[PDB]
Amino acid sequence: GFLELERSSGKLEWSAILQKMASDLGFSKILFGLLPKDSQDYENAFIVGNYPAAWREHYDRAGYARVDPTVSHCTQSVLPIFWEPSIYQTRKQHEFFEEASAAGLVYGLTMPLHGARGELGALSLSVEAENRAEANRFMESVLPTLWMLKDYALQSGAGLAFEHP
C-alpha cells in the first residue's frame, strides 16, 4: 500500500493518500510538516493534512511552535512522543493542552522526521477514544505499521515538497 505515496502526482493526491492510510490505522486527524535543512523560520515549510483550519490558524497566531512540547522533542529524537499533559510543564503548555483538547485533539502522538538530506519535520496523528488507556491500546496496536508509514511519508514527501517539478 505504501507505493501509492511515491506513485501519486501532486500535493493534493499525496495528502489524500496519506490521510486515508492514517485513517485506516485508526487516526482521524493528521498533520505532516517538513522543513528544509537548517531552516530558521517556517516560511519554507511544507505542511499538509486535515487538522481543522481554526486550530491551524490559532496555533500559528499564538506562537505555539515555541510552546508545544513535541517541537523541541523532534529536534532531539527520532522516537515518537505521545501527547500527554506530563510533557506539559509550564503555564502556556497547560493553555496549549486545554486549547488542543477543546479543538478535539486530545490523544495522539508526534513522530519526528529526520530526512537523509537534513530535512526536519513531524507526522502528528490524533486518535479518537473514550479515554487515554483506550487511545494507548489503539496506538500500540498499529505502531509497527505507523513506523514504516512515517518513513515512507518522509522519503516521498521530501521529494514532493522540495524536489519534484
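One-based numbering along the sequence shown. Think of the rigid core as the biggest set of C-alphas that the two forms share within 1.5 Å after superposition.
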Core-aligned Cα RMS comparison in 9 other deposited structures of this protein - stretch that moves more, 53 to 61 or 35 to 43: 35 to 43
Between 69 to 77 and 83 to 91, greater root mean square CA displacement in 9 other deposited structures of this protein relative to the shown form, after rigid core superposition, belongs to 83 to 91
112 to 120 versus 64 to 72: which one carries the higher mean Cα B factor per the record? 64 to 72
Going by the mean C-alpha B-factor recorded in the entry, which is higher: 6 to 14 or 140 to 148? 6 to 14
Ordered by C-alpha B-factor within the chain, which third holds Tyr42? Give me lowest, middle or highest, please. highest
How does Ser101 rank on Cα B-factor within its chain, lowest, middle or highest third? highest
